[PDB]
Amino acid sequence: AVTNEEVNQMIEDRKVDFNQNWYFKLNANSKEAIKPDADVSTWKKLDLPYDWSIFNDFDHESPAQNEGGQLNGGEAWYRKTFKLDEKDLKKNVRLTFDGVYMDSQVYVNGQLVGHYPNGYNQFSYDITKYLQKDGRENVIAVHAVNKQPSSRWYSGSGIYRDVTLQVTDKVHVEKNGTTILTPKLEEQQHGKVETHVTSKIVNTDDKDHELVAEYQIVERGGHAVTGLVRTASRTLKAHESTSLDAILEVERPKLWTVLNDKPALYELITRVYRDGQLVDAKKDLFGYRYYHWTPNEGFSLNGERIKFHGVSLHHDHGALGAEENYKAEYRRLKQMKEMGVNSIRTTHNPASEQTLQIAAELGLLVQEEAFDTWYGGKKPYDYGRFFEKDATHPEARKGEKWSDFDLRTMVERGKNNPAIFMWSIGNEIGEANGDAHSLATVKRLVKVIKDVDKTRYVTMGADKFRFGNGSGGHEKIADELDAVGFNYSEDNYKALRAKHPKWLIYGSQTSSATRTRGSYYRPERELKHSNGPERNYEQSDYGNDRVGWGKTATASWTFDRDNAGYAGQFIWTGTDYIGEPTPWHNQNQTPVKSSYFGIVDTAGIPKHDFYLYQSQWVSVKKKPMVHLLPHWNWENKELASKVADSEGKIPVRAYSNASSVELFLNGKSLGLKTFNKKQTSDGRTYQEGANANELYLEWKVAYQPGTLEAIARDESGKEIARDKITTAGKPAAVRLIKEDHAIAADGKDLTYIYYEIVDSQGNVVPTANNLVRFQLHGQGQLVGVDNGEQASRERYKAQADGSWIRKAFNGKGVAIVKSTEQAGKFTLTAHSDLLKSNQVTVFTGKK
């Protein structure tokens, strides 16, 4: 009766992007916000997502303090009017918010639909009963409040993630209603794999209906791998719901894995028939994989042993603030993969849909974290105050607290995503001390999850393990988890492992080295929480600065590498983020406003430790590489005296996954050096330098301006990689560097264009801080400028006169341009006082 193309059309039509044509106003009056035909002339017309905090100036007196990036919050309304199409008049309508920060209220046509306090969890409302009859204008108004301090890092404020509308028949698969399981995958993988599917179907009509479900599995961007599999026709009564179940067999599916960069994904297509008529159809993304984790050997994925080469990531995107964007998140995660990262932790809140989808697409394992606090709170306006209050959401179950409801709906949202392998129910929960209350709480939370999904490790991250020998009442909380995350606790691992032989252990937060891109200080010394005025609000890109409780990248990695029972780590952090500028944390009159912890700066530019990790985690067969530091501009006596040794020599270091590196100064060899090859006690091969604490090769080089070139070779002496640093002359030009020749004309895709200050030969000037002004013409929109400097208080957005400016920092920065909905092109031009201007052009059109 119904064609495949009609089914695919219905799937498409079921969900619409509801982001366009909102009006926004800070401190708006409630009565005006919610009422029909309000005067919106003093409101800002815009397309969502929109984080309103990122447009503020930095404020030394901000109640967020510098931990929150010194950007104020407040309260605001957003409103939108819409009519249902005539064909949709009798349909069920659900409105979904992927994240609204925070304490939100949604009104439809003057009536309160719900209050949702959580700032990060997706939530949705069935709004059908609130809509106007006969297709007259409806008004949605959303109140968002960011009362500070509410957060230990930059949160952003408002509707910072997508909003979608689902329009379905009265009989439909409920929100997150699909469950897909493959309980015998490991045994069945070389033949027919039984794929058990379940659909929660809802009849919102006031008549009984005959119900059939029909399923097909297809390769995502591939071909069908099953026929149609139908359930038995049965009655679903008026206002009731039911779970239909079926088993489909897929022959030799490709297994999802982190060991490729385009892992295999599948989609389940569900068709719903009401009295023999096709009324609903949807798809659900999933993949085939299995895993195992033992105390002494750690983790394995589809039978292959691996370690979590992981990063902790906050949700902000630098100059974009909290605004979620598919392309921004893709760039960041792709950059993490290029470093050899295979896992991410969403610290410390539910992920966007974009993050989770990209992780499944790129092959990254995900630990998704529900809570930064329990009932104790960490900041007076955080989620702590809601944690034990009764959930008032109209779909909450009897007795559910906010914590029950939020945790349940997060798990239901993500329970088919193959990237997700762990659910965290908290990070550094001070009150989780093994008292009777915290014991009751941990068991309640574990059970909420296990009542939805038993296939993923329930965990928590805890720093209590780093104090003394690590033992204490908190151990009883850890016994209730499937896996136990240690924050900065390497020193107590051996003792805790002997005490708890059965625990699945990993580092949920590690290292916490602090680094400023292109800035160097006392390479010969490890500096602990060094925040004196002589540091001038910078940390060392040699990677030798770390906080009091942290470790260098080398110390935390070599520990992990050498211990098979510590299953991996999530580095604090993969990228810089706005706020927590430790070691100047909450020194509010200093200029700092963003973090030093990242391996990559907020502008998306790698610090040198990126290449350290790459050298350790990416095999020489996959991507032979070599990387030199520091720069080669040592004219300035003050810069050089902080770096040069007693003989005036610069320590030049190479990270490489090759067998040897030879360093040349102006064409003359300074000597070939060879990594020492070694084995872990369980047989894993690794390389190190001159001793166990050095993963680089090092030369002490007397300074002669020119070119330093590193030649990396395989064991047989063939060159497989090279890197080169050059002494720059004085600034002569701004140069622009496109990442993309073209992007999609969809009003969503965007591109990162780097700007650099270069001398007259085209060498980047590594000390340069020149002010750059930007012009944009054509079919694009400037949406951000950044240079990653922690101590900068420059705007990320346009100046008050509409202009776009940003200094270089150590030679570099980035401008971010978003496409419009019109095909064509845009040209970005950069200017700087007394330097040559430059422009580049990026085309826009079909994806």
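Sequential numbering from 1, following the sequence displayed.
Trainee: As stated in the PDB record, which stretch has the larger average Cα B-factor, 366 to 374 or 238 to 246?
Mentor: Stretch with the greater average CA B-factor: 238 to 246.
Trainee: Taking the recorded C-alpha temperature factors, which stretch has the higher mean, 161 to 169 or 81 to 89?
Mentor: Averaged over C-alpha atoms, the B-factors run higher in 81 to 89.
Trainee: Tell me, please, which of 456, 637, 315, 437 has the highest C-alpha B factor according to the deposited entry?
Mentor: Highest CA B-factor of the listed options: 637.
Trainee: According to the deposited entry, which of 52, 804, 43, 58 has the largest Cα B-factor?
Mentor: That would be 43, according to the entry.
Trainee: Is residue 678 in the lowest, middle or highest third of its chain when residues are ranked by C-alpha B-factor?
Mentor: Its C-alpha B-factor belongs to the highest third of this chain's values.
Trainee: Is the Cα B-factor recorded for residue 834 in the lowest, middle or highest third of its chain?
Mentor: Middle third - that is where residue 834 ends up once the chain's C-alpha B-factors are sorted.
Trainee: Which third of the chain does residue 820 land in by C-alpha B-factor: lowest, middle or highest?
Mentor: Middle third - that is where residue 820 ends up once the chain's C-alpha B-factors are sorted.
Trainee: Residue 566's Cα B-factor: lowest, middle or highest third of the chain?
Mentor: Its C-alpha B-factor belongs to the middle third of this chain's values.
Trainee: How does residue 778 rank on Cα B-factor within its chain, lowest, middle or highest third?
Mentor: It belongs to the middle third of the chain when residues are ordered by C-alpha B-factor.
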